[PDB]
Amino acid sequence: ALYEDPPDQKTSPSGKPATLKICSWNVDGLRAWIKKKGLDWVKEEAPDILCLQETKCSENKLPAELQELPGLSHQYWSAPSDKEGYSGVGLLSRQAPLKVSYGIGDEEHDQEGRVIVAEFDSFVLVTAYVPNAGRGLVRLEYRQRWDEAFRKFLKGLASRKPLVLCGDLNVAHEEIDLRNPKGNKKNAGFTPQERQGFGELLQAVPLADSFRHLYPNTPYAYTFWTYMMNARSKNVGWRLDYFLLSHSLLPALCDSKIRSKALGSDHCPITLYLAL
C-alpha cells in the first residue's frame, strides 16, 4: 500500500525546539537531478545541512547552480580516484564545519568517493554511500569487508563525539523495510549477510535507527524504488536511506522524516530534526 509520512515534529522529548535540520538524498546523478528540479525542492526544504550520495560528477563538471546557493555555501565533495561518472558524495552546510575529511582511513575502502566526515561543535556528521552488493551478488564479499571496516571506524569516531550517520546504507534492515522481502533474500540489499552487518553496526558502535526508533511498527515506508516496472507508483520499494544516531543524541531527536513526494531520483530524500 501507499504511504504518507506524518507531520514534522519539531520539539524534542523534553520540548526543546529543533535547532538543526539535516537532509540526505541519493540524487543518482547530480546533473540529471538538478535538471529534474532537485535544487528547487532543496531550497523549499531549507535544510541546514544537505548530504548527497551517488553524485556521478567530477569536481570540474559541478553545475553552476550549486554556487548560487547561499543557504548551503560551505560545500565539500568526494569523487572516486580513478572511476568517472560513478559513486561520489557531497556535503553542503550553512555554517562551516570545524573540520572535514574524506574516507574512513583505510586505503582499500577510500578509493570510490563514498564518505565525508564533517565535525561540528556538538557532534560529528558522517554521510556515506555504502557499496552495493551488486547484481548476482558479485560484490558481496567486498561489502562484508567494507561493513566491518566501516563499523570499526564509526565505533572509534563515536567514542570521541556524538555521531550522526546518514546516507544510503544499501541494506533494508528488516522485512518491514521493503515491499517484497520473500522474493529478495538472495538479492543485493537484503542478503542475510547485509542484514547482519547493519545489526552489528547498530550494536557495536552503538547507533540507533532514528526512523525505526520513532515508528517501530510502520510498514510501507521506503526511500528507494527501482525505475523499472513503475515501482514507485505502486510503492514497491526499499528503505535504504537512514539517519543513525549515537544513543546520547536520542533525547535530541525531534523527528526522522521520509519525503516521499520529492521527485528527481530513484531515491526520495530523508530529513532529520535535532534539538542541540
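When you see a residue number, it is the position in the sequence shown, counting from 1.
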Task: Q111 coordinate gap across at least a third of other entries - done: yes
Open item on the list: Please determine whether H74 lacks coordinates in at least a third of the other PDB entries of this protein that model its flanking residues.
Closed with: no
- [ ] Identify the stretch, either 67-75 or 173-181, whose C-alpha atoms have the larger mean B-factor according to the entry.
- [x] 67-75
Task: Mean C-alpha temperature factor, higher of 230-238 and 207-215 - done: 230-238
Open item on the list: Just to confirm, going by the entry's C-alpha B-factors, which of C51, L244, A46, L30 comes out highest?
Closed with: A46
TODO: Using the temperature factors in the entry, find which of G103, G167, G90, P97 has the highest value at its Cα atom.
DONE: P97
Task: Ranked against its chain, the third holding the CA B-factor of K186 - done: highest
- [ ] Taking the values exactly as deposited, rank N60 by C-alpha B-factor within its chain and report the matching third: lowest, middle or highest.
- [x] highest
- [ ] Would you please rank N132 by its C-alpha temperature factor against the other modelled residues of its chain and give the third it falls in: lowest, middle or highest?
- [x] middle
TODO: Could you say whether, by C-alpha temperature factor, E112 belongs to the lowest, middle or highest third of its chain?
DONE: lowest
TODO: Quick one: classify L157 as lowest, middle or highest third of the chain based on its Cα B-factor.
DONE: middle
